[PDB]
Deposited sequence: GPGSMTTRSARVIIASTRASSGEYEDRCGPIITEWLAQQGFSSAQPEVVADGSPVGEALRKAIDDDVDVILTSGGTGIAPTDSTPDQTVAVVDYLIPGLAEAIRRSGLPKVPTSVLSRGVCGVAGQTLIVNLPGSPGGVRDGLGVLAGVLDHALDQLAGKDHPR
């Protein structure tokens, strides 16, 4: 397979500029994906993640809900569904926003694996998303290969 799901975590948007950016990048990179699910912060992120993992896809990309603001629980919902975490990839994604956006260091976004599915939390701004996608460009294919055992 070479499939992907996109989840946009935003209570504000759910009643979005990042979804089309991610969908285009996935298209550009050769992935098939469904229309992004735009969901409210918190439990709806978890439900969306569960739905996507049950679709049996290769990669799930989330955007939004990763800072320290009251409603930012994307990383916590992501921790609850993964088998394990990839802390170096989450750090690379943070560092991709530096030095130009100092607040990049506040992002709590994680990366991990749920079975055979790689999950990556991106920032909730278009710039951050593009920064994070540049990092994934350099590793994603190798990551999916490694995940599948070559």
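Stretches of the deposited sequence lacking C-alpha coordinates, numbered from 1: 1 to 6, 22 to 25, 161 to 164.
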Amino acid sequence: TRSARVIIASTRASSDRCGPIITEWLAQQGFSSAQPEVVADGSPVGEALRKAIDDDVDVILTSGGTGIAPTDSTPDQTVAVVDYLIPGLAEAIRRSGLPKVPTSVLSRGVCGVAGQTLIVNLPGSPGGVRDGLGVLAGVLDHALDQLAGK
From here on, numbers count along this sequence of modelled residues.
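Across the two stretches, 82 to 90 and 95 to 103, the PDB entry reports the greater mean Cα temperature factor for 95 to 103.
The mean Cα B-factor in the deposited entry runs higher for 35 to 43 than for the other of 61 to 69 and 35 to 43. Among all modelled residues in its chain, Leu144 ranks in the highest third by Cα B-factor.
The deposited CA B-factor of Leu136 belongs to the lowest third of values across its chain. For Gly30, the recorded CA temperature factor ranks within the highest third of the chain's modelled residues. In this PDB entry, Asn121 carries a Cα temperature factor that places it within the lowest third of its chain's modelled residues.
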